[PDB]
């Protein structure tokens, strides 16, 4: 498959090089993997999701996404048009209020929910969780992402937008999960993107076009806009049979584009996520 005039982020992960605008991928496209977008919730009624999104959990009065940020990230995972994995199931877990804030107490519940709730969902091919969030370091949250991981759920976490080493942030600093940095379209680490030993991959994180609340579609920056590309990409790869969930990070990292990015501090990997699809 080959979606033309695709978002640059999508077209990048199907490319060895920057500056194309076509997203090439196997038409399996993620059929039979699930992705848990743990964020502010999804507008399941966005036509872009084609009835593949639902809200399965919320720790707040509403399942409805008042922010858009979960909807955005769910779109990049699996919207028909803006998403990596065009046929994944999507599972919204609203652990963040409509101003994007969340107690860690809540978040952790959210993570532990996924590691059980995955036993209620049909994901023969495998399960992914895109943690489109983070805060300052906390072993409680770190260990939650590790448990989630352990449980057979490929975790993509954002490295954060503080332009710091991501060891000070959770669940970015958790060793056992896939920490995602953001790249921009001319193939530079994005200005805001955290870095360090603890990163595992970069993804498209700058000016990323995807779905938004109210049927609309906007372009916003962030490493938590990169996370879903990778999550999407894991769901793509699990469906192709190229890896399990517990090895997906190491698979993705081995298959990436080496030494592309500029403005990558010393000590951080120079890996940009790649779908390796030969068309």
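Using the numbering of Swiss-Prot, the residues shown for chain A are 106-384, in order.
Yeah, the Cβs are placed from backbone N, Cα and C, and that goes for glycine too.
Per Swiss-Prot, the features are:
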- 144: active site, charge relay system (ACT_SITE)
- 174: active site, charge relay system (ACT_SITE)
- 329: active site, charge relay system (ACT_SITE)
- 121, 365: Ca(2+) 2 binding site (BINDING)
- 280, 282, 305: Ca(2+) 1 binding site (BINDING)
- 139-228: disulfide bond (DISULFID)
- 283-354: disulfide bond (DISULFID)
- 112-384: domain 'Peptidase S8' (DOMAIN)
Exercise. Taking DSSP three-state, what's residue 144 (active site, charge relay system) in: helix, strand or coil?
Worked result: strand
For this session: Given the recorded positions 121, 280, 282, 354, state which is nearest to residue 174 (active site, charge relay system) when distance is taken between Cα atoms.
Result: 282
Seminar exercise, completed: Taking only the CA atoms, the spacing between residue 329 (active site, charge relay system) and residue 139 (disulfide bond), expressed in whole angstrom, is 18
Seminar exercise, completed: For residue 228 (disulfide bond), the nonlocal same-chain Cβ neighbours (under 8 Å, six or more residues apart) come out as 137, 138, 139, 194
Problem set entry | Environment of 280, 282, 305, the listed Ca(2+) 1 site - residues of the same chain whose CB lies within 8 A of the CB centroid | 260, 262, 279, 281, 283, 284, 303, 354
For this session: Taking only the Cα atoms, work out how far residue 121 (Ca(2+) 2 binding site) lies from residue 280 (Ca(2+) 1 binding site), in Å, as a whole number.
Result: 27
Exercise. Expressed to the nearest Å, what is the distance separating residue 282 (Ca(2+) 1 binding site) and residue 354 (disulfide bond) at their Cα atoms?
Worked result: 7
Problem set entry | Those recorded positions of 144, 280, 305, 365 having Cα within 10 angstroms of residue 354 (disulfide bond) | 305
Seminar exercise, completed: Reduced DSSP state (H/G/I helix, E/B strand, rest coil) at residue 174 (active site, charge relay system) is helix
